[PDB]
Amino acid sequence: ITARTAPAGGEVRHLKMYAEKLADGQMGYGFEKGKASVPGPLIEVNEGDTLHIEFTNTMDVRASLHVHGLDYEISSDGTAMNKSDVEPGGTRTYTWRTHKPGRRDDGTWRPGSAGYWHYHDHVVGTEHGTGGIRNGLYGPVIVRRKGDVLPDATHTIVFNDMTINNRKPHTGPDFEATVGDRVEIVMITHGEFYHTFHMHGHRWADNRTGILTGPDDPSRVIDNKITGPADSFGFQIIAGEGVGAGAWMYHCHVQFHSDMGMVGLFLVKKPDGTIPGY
């Protein structure tokens, strides 16, 4: 493999995050005050890293930070129950850890932390974050295994109830690549509804990475995946591979949902920047 690959992890990383009310009523996380986003910033680490997040709640309501998949002690689970959320104006330091796979003492195999995960609030609106999640307090987390192929770019598509990334119906988001780019998608679902994520012209493996290790990988190859609240998966595709440049739709394939606006464009451009038929 002469594509770029993830290094062995084991760093201790530090990071500041904030939760802000947005002018429009939404709420979002951010690495800097005044720079919050929905989805929140992507956090990306290598198996074995430790991540210390100094999180500061700048809102008038209790808020928290709960993560999927990664190792964390009960003091960092972000629930009111475990006294793990954050009062208005407060600051708390969450710790997320990750480990590599390996043999246990009993001889069994411990799974690694690697995968496409996500983080979200657990105390805004209800003790389960129904309010925070609806408002935009969610973001992606990627834990890489040594040797994983690194992409050219990562995009995050969150089906949040009847919206993509809390956007107005029929307003995307759209993404751009050039034929040949290694594009990574992180795909998260939140809220009340099941969906099916479909991409025109591209396909991926329904496994941890979206990629087949080689000819022995029995994983199904798909272009349509059902998902429900808090499901997270990801994959890599070579933009336009075997199909060429184009305005390639992605969307929920629940007919009413796509009719109502859960559609976006994967805009794959020729080297001259053009998109056939757009």
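Start at 1 and count along the sequence shown; that's the residue number.
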| item | value |
| --- | --- |
| Comparing 191-199 with 99-107, the one whose average Cα B-factor in the PDB entry is higher | 99-107 |
| Which of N207, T126, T156, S84 ranks first by CA B-factor in the deposited coordinates | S84 |
| B-factor third for the C-alpha atom of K16 within its chain | lowest |
| Third of chain Cα B-factors occupied by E184 | lowest |
| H253 by Cα B-factor - lowest, middle or highest third of the modelled chain | middle |
| B-factor third for the C-alpha atom of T56 within its chain | middle |
| Cα B factor band for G214 (lowest, middle or highest third within the chain) | highest |
